[PDB]
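One structure below.
First the proteins, then the strands, lettered A, B, ... as listed; each starts at 1.
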Amino acid sequence: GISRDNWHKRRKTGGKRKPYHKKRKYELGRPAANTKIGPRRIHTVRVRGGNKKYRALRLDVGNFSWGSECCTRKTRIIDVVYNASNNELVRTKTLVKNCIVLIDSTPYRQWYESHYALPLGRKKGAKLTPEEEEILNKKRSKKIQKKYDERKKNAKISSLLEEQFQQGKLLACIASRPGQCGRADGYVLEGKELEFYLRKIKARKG
Amino acid sequence: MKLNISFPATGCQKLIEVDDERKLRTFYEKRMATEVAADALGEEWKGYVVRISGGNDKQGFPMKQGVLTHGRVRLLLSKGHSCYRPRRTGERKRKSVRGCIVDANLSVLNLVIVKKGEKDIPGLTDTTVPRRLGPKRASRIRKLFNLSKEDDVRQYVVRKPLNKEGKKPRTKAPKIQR
Amino acid sequence: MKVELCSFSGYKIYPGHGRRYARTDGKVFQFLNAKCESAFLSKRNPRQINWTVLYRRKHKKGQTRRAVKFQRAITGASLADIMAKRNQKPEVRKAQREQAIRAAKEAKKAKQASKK
RNA sequence: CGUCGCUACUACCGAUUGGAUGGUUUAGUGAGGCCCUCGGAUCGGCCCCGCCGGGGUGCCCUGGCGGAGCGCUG
RNA sequence: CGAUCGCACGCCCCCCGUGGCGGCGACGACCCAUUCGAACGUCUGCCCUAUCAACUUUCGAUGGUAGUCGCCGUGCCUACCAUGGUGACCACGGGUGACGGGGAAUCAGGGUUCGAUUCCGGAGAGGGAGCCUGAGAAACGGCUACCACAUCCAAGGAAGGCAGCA
RNA sequence: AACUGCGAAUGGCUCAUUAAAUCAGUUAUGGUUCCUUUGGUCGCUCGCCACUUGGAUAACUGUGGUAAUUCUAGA
RNA sequence: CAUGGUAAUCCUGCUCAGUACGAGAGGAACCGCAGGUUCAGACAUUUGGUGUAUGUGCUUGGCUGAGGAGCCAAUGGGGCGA
RNA sequence: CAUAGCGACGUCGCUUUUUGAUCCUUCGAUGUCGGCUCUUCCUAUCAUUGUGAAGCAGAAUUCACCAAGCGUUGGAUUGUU
Ligand SMILES: [Mg+2]
Ligand SMILES: [Mg+2]
Ligand SMILES: [Mg+2]
Ligand SMILES: [Mg+2]
Ligand SMILES: [Mg+2]
Ligand SMILES: [Mg+2]
Ligand SMILES: [Mg+2]
Ligand SMILES: [Mg+2]
Ligand SMILES: [Mg+2]
Ligand SMILES: [Mg+2]
Ligand SMILES: [Mg+2]
Ligand SMILES: [Mg+2]
Ligand SMILES: [Mg+2]
Ligand SMILES: [Mg+2]
Ligand SMILES: [Mg+2]
Ligand SMILES: [Mg+2]
Ligand SMILES: [Mg+2]
């Protein structure tokens with residue numbers, strides 16, 4: 001079938017190479033997983049040595065880490081916005097190792113209030129009062145409030161990430177390889193990489 | 001077209017020779033594992049509902065469920081599909097199988113009675129042959145004799161009494177597992 | 001009155017109607033009229049022609065739980081035998097378990113006497 | 001020493017858009033396997049629940065026929 | 001993150017009197033190490049031929065970036081780029097009556113021929129091609145399809161692979 | 001007899017293919033997998049059967065089909 | 001019905017028969033049967049051809065503001081067609 | 001063995017499908033070859049029907065009679081006949 005051999009290629013000088021044996025099994029290849037976005041569908045294939053590989057055909061959730069805040073939450077992938085390799089991968093919404101995708105910011109938001117006690121992504125407030133009223137006041141003691149207002153001085157989030165939280169979707173880069181591990185782990189884009197990818201997406205459209 | 005008639009609740013399968021098209025037309029164009037009232041085979045078969053369980057082609061090819069055609073096709077048969085046992089592990093062989101729809105072009109037609117009729121078919125519903133050997137697992141005899149927990153389990157197992165002319169009499173009991 | 005044949009469209013072809021086409025590879029086809037024959041020769045698929053029988057049965061045009069178990073006699077134990085065994089519920093089985101326990105009790109006392 | 005004449009042998013040119021047998025390939029058709037997306041002939045569990053039943057006391061511990069809940073499911 | 005199978009059988013008894021303890025193994029396992037390896041890699045090395053001097057590069061040729069796939073490193077493949085890479089120090093092509101080597105014959109010294117052949121490595125099972133199982137096969141005294149041969153038939157089908165020993 | 005486990009990928013034959021290809025020596029896998037053996041590890045996890053849970057299938061009885069096969073079907 | 005026209009023709013296979021005849025090689029015929037060639041007279045159930053039923057789809061360029069419905073391109077072209 | 005089938009030397013005819021001979025008609029014009037197409041006619045009969053004869057054993061063939069009802073084809077080359 002699909003073979004990953006080197007002998008079907010030309011020599012460095014450009015000469016034609018003649019194969020001295022027919023195709024061997026250990027030099028095989030397999031069709032691309034083509035990981036779309038949808039309800040979870042993972043196929044198991046048998047590999048060399050009897051081990052196991054996971055073909056993520058469709059995925060909807062992935063473990064993405066904030067990084068700067070050391071927050072790592074299992075969130076939902078919405079769509080693929082940019083891909084360095086091919087534009088067709090963006091158009092077909094295909095999850096590969098380095099493509100950047102839009103992910104939900106709800107768990108990161110919840111962690112942010114539960115840790116720093118600041119509004120994040122809200123516009124005017126007073127909309128989820130039976131929870132946010134409890135989590136803003138907490139009627140907590142002197143020492144707990146000492147901890148909390150000690151944690152206020154470093155409670156600054158980049159305006160780019162703040163805008164992404166206002167929109168409700170963070171954009172993050174995948175780090176795992178779907179079709180090999182069957183999952184879509186990644187990290188939240190921030191800092192200069194985020195600015196570079198934002199400029200790329202802006203220059204692409206609008 | 002012979003009919004292999006079998007009643008599971010009593011065993012005692014038997015082969016029936018019929019050659020009347022009118023009698024066999026009630027089975028025609030019916031798929032396998034379907035229950036058809038076999039009241040077209042005369043007065044004696046009245047009130048009988050029978051299940052079409054398979055058969056063989058004119059050339060002895062067995063029929064496979066789900067083929068959904070009449071005639072013969074060639075299929076790549078793996079382990080545990082039907083009509084095929086692997087000679088070695090992982091072997092798949094292409095074989096010819098009859099379709100599941102039954103027509104006139106068969107040699108036999110395996111039929112299984114689902115519900116009893118109003119009378120007794122001679123040599124079929126009578127002389128109930130017992131199941132040879134009873135349950136071997138301890139739980140399976142607990143279900144069969146309705147044991148609660150550990151009440152003479154050893155002696156409640158079925159003992160098989162076997163006799164031959166040159167044999168000196170003796171009983172046989174199975175090694176009960178689990 | 002002869003053998004009834006079926007066409008590219010699946011229609012019955014009566015005797016004296018239509019044509020028959022024998023290919024080089026050994027396959028013999030019969031067509032009801034020149035429309036079906038021309039459709040077949042142009043390699044059109046009958047599952048995509050609205051009036052063919054194959055399309056009709058592809059598009060579905062026009063057209064529970066059962067679990068029963070029986071009790072049987074066993075070689076060496078009839079139905080009467082197994083009913084006699086399994087219907088010992090009214091504290092008879094309690095008599096069996098208590099008598100087995102006390103029998104094993106004197107057995108264990110003998111084991112203790114002959115053990116140490 | 002060479003032409004010419006006869007006889008052998010060996011190659012050469014040569015119309016015949018010559019002929020034969022290999023090999024490598026363009027293009028068209030294309031069996032079969034594998035993968036993906038469907039598909040669903042059948043095979044099981046739950047909701048059984050038309051009923052007799054029922055025990056801590058119509059309020060079932062369920063020991064089976066039976067319809068089938070005409071669904072949820074693998 | 002053990003619902004497995006044998007061997008002799010012993011100890012505690014206050015709570016009691018039916019329960020809890022025990023040895024020798026066998027099988028088993030996620031992972032690590034080891035062994036047998038296998039696979040792709042580095043450097044150097046092969047006969048004749050110019051009446052083979054320019055090859056490779058749309059259809060990967062040389063490299064970069066990001067991936068796909070593979071047991072993994074890599075144009076292995078894909079997308080976007082760059083225009084590279086190899087040659088009179090013989091590239092590329094052709095031939096071989098070429099499997100390679102350890103070695104054999106001939107023998108002042110130097111060489112010249114032969115190595116199908118029992119050891120090592122490779123390739124193949126009629127020619128191709130594609131797969132299941134399995135740690136390991138593109139296996140053929142495994143399967144599937146075509147091609148060429150060819151066996152039996154009741155003509156509806158079925159069955160093949162001695163470059164194994166004879 | 002059969003299910004299961006293991007082996008059947010070793011051995012044996014032949015040299016058609018193959019001219020930096022195979023192969024020989026050298027070195028690397030800090031770029032990979034590894035049956036089996038041997039040695040580690042297997043109370044590290046806080047979370048109405050456990051004195052042992054469920055179903056099926058072989059082998060076996062019986063009924064067959066085909067001219068045929070190490071073909072198999074129904075019960 | 002006076003008168004005029006006029007039409008049917010030839011071959012093959014089977015059987016006779018590996019027969020008569022003949023040393024052999026070879027090898028007929030009559031009756032019978034089944035078909036063909038040429039010709040003639042028709043006919044359209046079927047197969048084929050035609051096809052402007054300008055019947056029904058498809059389609060190019062243009063035009064009616066668009067949809068719908070259509071039309072022009074000396075039968076626009078093409079498939080199927082009573 | 002003259003006469004089954006032939007016929008030398010001679011000799012008698014028939015035909016106008018050959019080519020000649022002649023110049024009667026046509027020079028105030030009768031359109032001049034071959035092919036195609038189509039019809040009819042002749043018999044000096046290739047085949048078919050009925051026959052007679054043989055150096056007719058059968059098969060094949062040859063000669064002759066009655067006989068023109070029916071048929072006598074597809075092509076390469078050539079303008080061709
Ligand atoms: Mg056991
Ligand atoms: Mg060679
Ligand atoms: Mg050698
Ligand atoms: Mg060797
Ligand atoms: Mg091989
Ligand atoms: Mg092979
Ligand atoms: Mg294994
Ligand atoms: Mg008249
Ligand atoms: Mg006439
Ligand atoms: Mg238009
Ligand atoms: Mg319109
Ligand atoms: Mg005009
Ligand atoms: Mg037409
Ligand atoms: Mg004169
Ligand atoms: Mg004139
Ligand atoms: Mg005139
Ligand atoms: Mg005459």
When all nucleic acid strands are considered with a 4.0 Å heavy-atom cut-off, which category describes [X]: base, sugar-phosphate, or nothing?
| X | value |
| --- | --- |
| B:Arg178 | base |
| A:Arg58 | sugar-phosphate |
| A:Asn51 | sugar-phosphate |
| C:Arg86 | nothing |
| B:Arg98 | nothing |
| C:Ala34 | sugar-phosphate |
| B:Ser78 | nothing |
| A:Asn87 | nothing |
| A:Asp5 | sugar-phosphate |
| B:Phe7 | nothing |
| B:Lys95 | sugar-phosphate |
| C:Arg102 | nothing |
| B:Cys83 | sugar-phosphate |
| A:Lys23 | base |

For [X] and [Y], test the side chains for any donor-to-acceptor distance below 3.5 angstrom and give the result as yes or no.
| X | Y | value |
| --- | --- | --- |
| C:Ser42 | C:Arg44 | yes |
| C:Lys115 | C:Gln112 | no |
| B:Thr10 | B:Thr128 | yes |

Note, C:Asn87 side chain near B:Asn146 side chain (heavy atom, < 4.5 Å)
no
Heavy atoms, side chains only, cut-off 4.5 Å: are A:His43 and A:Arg41 in contact?
yes
Tell me whether the bases of [M] and [N] count as stacked, where stacked means ring centres under 5.5 Å and an interplanar angle below 30 degrees.
| N | M | value |
| --- | --- | --- |
| H:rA60 | H:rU61 | yes |
| F:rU41 | F:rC42 | yes |
| F:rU52 | F:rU53 | no |

Closer to the 5' end of RNA chain E via nearest nucleotide, is it C:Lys115 or A:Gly49?
C:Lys115
Can you work out whether A:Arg24 or A:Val45 has the more 5'-proximal nearest nucleotide on RNA chain E?
A:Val45
Under 4.0 Å between a side-chain N or O of [X] and OP1 or OP2 of [N]?
| X | N | answer |
| --- | --- | --- |
| A:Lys16 | E:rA61 | no |
| A:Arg30 | E:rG70 | yes |
| C:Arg44 | G:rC58 | no |
| B:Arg131 | F:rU61 | no |
| B:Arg87 | F:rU72 | yes |
| A:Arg4 | E:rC40 | no |

Strictly by Watson-Crick or wobble contacts shorter than 3.5 Å, is anything paired with [N], and which nucleotide is it?
| N | value |
| --- | --- |
| G:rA42 | none |
| F:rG39 | E:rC32 |
| D:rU25 | none |

Does [X] make a side-chain donor-acceptor contact with the base of [N], cut-off 3.5 Å?
| X | N | answer |
| --- | --- | --- |
| B:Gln59 | E:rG157 | no |
| B:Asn56 | F:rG65 | yes |
| C:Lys108 | E:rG19 | yes |
| C:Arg65 | D:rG44 | yes |
| A:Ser85 | E:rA66 | yes |

Atom-to-atom span, [atom1] of [X] to [atom2] of [N] - whole angstrom:
| X | N | atom1 | atom2 | result |
| --- | --- | --- | --- | --- |
| A:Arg10 | E:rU86 | CZ | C1' | 12 Å |
| A:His43 | D:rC34 | NE2 | P | 16 Å |
| B:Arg72 | E:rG156 | CZ | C1' | 6 Å |
| A:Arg48 | F:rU33 | CZ | P | 11 Å |

Which value, in whole Å, describes the distance between the [atom1] atoms of nucleotides [N] and [M]?
| N | M | atom1 | answer |
| --- | --- | --- | --- |
| E:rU18 | F:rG47 | P | 38 Å |
| D:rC35 | E:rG130 | P | 16 Å |
| F:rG25 | E:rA105 | P | 23 Å |
| G:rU38 | G:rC16 | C1' | 30 Å |
| G:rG13 | G:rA28 | P | 10 Å |
| E:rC36 | E:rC24 | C1' | 32 Å |
| E:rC107 | E:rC92 | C1' | 42 Å |
| E:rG134 | F:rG7 | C1' | 11 Å |

Is it possible for you to check whether C:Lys35 lies under 6.0 Å from the centre of the six-membered ring of C:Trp51, through NZ or CZ, and within 45° of that ring's axis?
yes
Which nucleotide in [options] has an atom nearest any side-chain atom of [X]:
| X | options | result |
| --- | --- | --- |
| B:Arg132 | F:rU61, D:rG33, F:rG65 | F:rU61 |
| A:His8 | E:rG124, E:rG136, E:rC76 | E:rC76 |
| A:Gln180 | E:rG70, F:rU66, F:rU72 | E:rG70 |
| B:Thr89 | E:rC5, E:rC72, E:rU133 | E:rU133 |
| B:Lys79 | F:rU72, F:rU4, E:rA125 | F:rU4 |

Please test B:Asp103 against B:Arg98 for salt bridge (charged side-chain N to carboxylate O under 4.0 Å, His left out), starting from the C-alpha separation and ending with a verdict.
CA-CA 11 Å; B:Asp103 60 355; B:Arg98 171 67 170 83; 2.6 Å; yes
side-chain contact (heavy atoms from CB on, under 4.5 Å) evaluation trace for B:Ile52 with B:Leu109:
CA-CA 7 Å; B:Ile52 291 171; B:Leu109 182 50; 4.0 Å; yes
Spacing of B:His70 atom NE2 and B:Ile101 atom CD1 [to the nearest 0.5 Å]
8.0 Å
Could you go through the side-chain contact (heavy atoms from CB on, under 4.5 Å) check for B:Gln59 and B:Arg72 one step at a time?
CA-CA 10 Å; B:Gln59 285 82 23; B:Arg72 220 181 304 130; 2.7 Å; yes
May I ask whether E:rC7 and E:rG87 form a pair, defined as Watson-Crick or G-U wobble with both distances under 3.5 Å?
no
